[PDB]
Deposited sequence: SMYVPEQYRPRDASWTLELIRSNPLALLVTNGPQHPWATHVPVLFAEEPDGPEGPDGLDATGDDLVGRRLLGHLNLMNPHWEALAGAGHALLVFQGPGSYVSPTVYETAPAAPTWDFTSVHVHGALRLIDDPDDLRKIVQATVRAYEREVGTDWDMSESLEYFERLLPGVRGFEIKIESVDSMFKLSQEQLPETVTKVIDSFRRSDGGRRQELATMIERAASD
């Protein structure tokens, strides 16, 4: 499981849920010969997280799909904004650099889905979910026929969540004044995803 120093644990579960929804392209990781299998996959909630279900899909021709048959359990890694923290920002000495970042590791029991009806439901639900969340409210109606043409090439999976580790490493180990410097320094830069990161740092520091 992911080791999270106590100071980097989320103050609210909403941080975890949001991070997952905001960054639904997870890394699906299962044991393999000599090292694990790892695939970037689009997941979404089925409808505190324990017992809920994450649905996902991937390429039928991806060898990971074949490997999934021998695995009872899996890990899904979600990552949000993150960035290097240069001590120059602290304006203090001595110091050490660090990396501020956000990530959620979901542990769960794995289930395989190959029924075309279930897969249609999944891919359509993914479009709706992403379009609302990360998207532009695109209408998929005129494309449903097209989806059918694609459907035999897709396979899916379900993960019933058994444990969740949440890492919100947002400079909380720093004094409030210094954290203020880190936030401002990230806000003064245009490079993504430091704007969003700065906002998360501020959120962790507020009341």
- Note on the structure: Expected output for missing-CA ranges on the deposited sequence is 48-63
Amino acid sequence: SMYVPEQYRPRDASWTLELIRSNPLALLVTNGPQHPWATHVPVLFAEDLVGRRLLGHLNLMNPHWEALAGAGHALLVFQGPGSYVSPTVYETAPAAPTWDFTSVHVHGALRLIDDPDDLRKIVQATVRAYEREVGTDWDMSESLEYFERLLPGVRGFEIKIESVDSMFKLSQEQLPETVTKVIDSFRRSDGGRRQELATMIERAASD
From here on, numbers count along this sequence of modelled residues.
- Of 173-181 vs 22-30, the stretch with the larger average CA B-factor in the entry is 173-181
- Stretch with the higher entry mean CA B-factor, where the candidates are 148-156 and 51-59: 148-156
- Query: Out of 82, 97, 94, 108, which one has a C-alpha B factor higher than all the others in the entry?
  - Reply: 94
- Item | Ranked against its chain, the third holding the CA B-factor of residue 69 | middle
- Compared with the other modelled residues in the chain, in which third is the CA B-factor of residue 78? lowest
- Message: For the chain shown, is the CA B-factor of residue 138 in the lowest, middle or highest third of its modelled residues?
- Response: highest
- Assigned third (lowest, middle, highest) for the C-alpha B factor of residue 104: lowest
- Taking the values exactly as deposited, rank residue 44 by C-alpha B-factor within its chain and report the matching third: lowest, middle or highest. middle
